[PDB]
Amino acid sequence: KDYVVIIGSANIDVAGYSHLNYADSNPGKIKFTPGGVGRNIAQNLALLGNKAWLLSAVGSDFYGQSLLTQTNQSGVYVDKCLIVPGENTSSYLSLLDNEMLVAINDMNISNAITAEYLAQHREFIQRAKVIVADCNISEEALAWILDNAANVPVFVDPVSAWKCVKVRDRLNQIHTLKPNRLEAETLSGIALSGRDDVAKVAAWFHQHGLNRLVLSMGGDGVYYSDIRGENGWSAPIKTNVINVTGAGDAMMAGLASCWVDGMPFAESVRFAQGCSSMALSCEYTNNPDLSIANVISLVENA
């Protein structure tokens, strides 16, 4: 009867690529995928075996409902997602070829994921084993979550260099933060020129109250640091990359899930890297063969 609550954005990623001249309806291939940091994390959690509830917002349009339906039939409990009237479901348009040419994001219904909304589900939220939130939601909403978590661990996905900032004044209310290099630099105000700077950055995070830091450094790997003193590097699982999208989402799901499973920090980080690799090796934004079994198999195969 243990459930996980994910609070974030649910999107539709539309990817189009040609077989290219401008001012012409050029024949190509278009894919509709389910996306959104929060939604993706919820789905990866469900594929990891946890009972996951999504608290998101989608429009009164029909395509929103089919986003919810697809997600529900991925295993996610979507029956508390807010269907918002009059406004259209958010989306991530993306023009590729072979290398993305351009991308557009329409994500303002995220501001409908309000404090009043979450307050309507206060007790349900406060009786989860862990709450996962992304920084796509408004500063007020994130503030409400962190203010009303009732000692339920909040895992936060910073999303981008632009949207991580709302987290800076609230690191003492966050159980685990997973920033990349740029996001960590943006938050700390300290340059991460190289691997010699992670200690100083992490020390900045810990002095500002962050319980746990999971710092993805790209090729450098993952540097993890606990305010109680434990820290270390984990070198990347070397992989066959085909997509890069859904990497961090899978890693976040891995961290939250492993936490719920009672796993220690370091091994949870390694496992999360396993998840991220599995995501990196799959045509879609989420890998439907993400499961405890084959990430574990990817990890013992070291």
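So that there is no doubt, residue numbering starts at 1 and follows the sequence shown.
- Annotation: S225 does not belong to the positions left without coordinates in a third of the other compared entries; each one with flanking residues models it.
- In at least a third of the other compared PDB entries of this protein that cover both flanking sides, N98 is left without coordinates.
- According to the entry, the deposited sequence places 1 to 3 unmodelled residues between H19 and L20.
- Unmodelled deposited residues between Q207 and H208: none, per the record.
- Higher mean CA temperature factor, per the PDB entry, when comparing 6-14 with 281-289: 281-289.
- Note on 64-72 vs 233-241: mean CA B-factor is higher in 233-241.
- The entry assigns its greatest Cα B factor, within the set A184, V130, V84, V214, to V84.
- Within the selection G262, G36, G246, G254, the deposited Cα B-factor values reach their highest point at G246.
- Per-chain ranking of the deposited C-alpha B factor places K178 in the lowest third.
- Among all modelled residues in this chain, the alpha-carbon of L95 has a temperature factor (C-alpha) in the highest third.
- When the CA B factors of the chain's modelled residues are split into thirds, the value for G189 lands in the middle one.
- Annotation for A141: C-alpha temperature factor in the middle third relative to the rest of the modelled chain, per the entry.
- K163 sits in the middle third of its chain by CA B factor, as recorded in the PDB entry.
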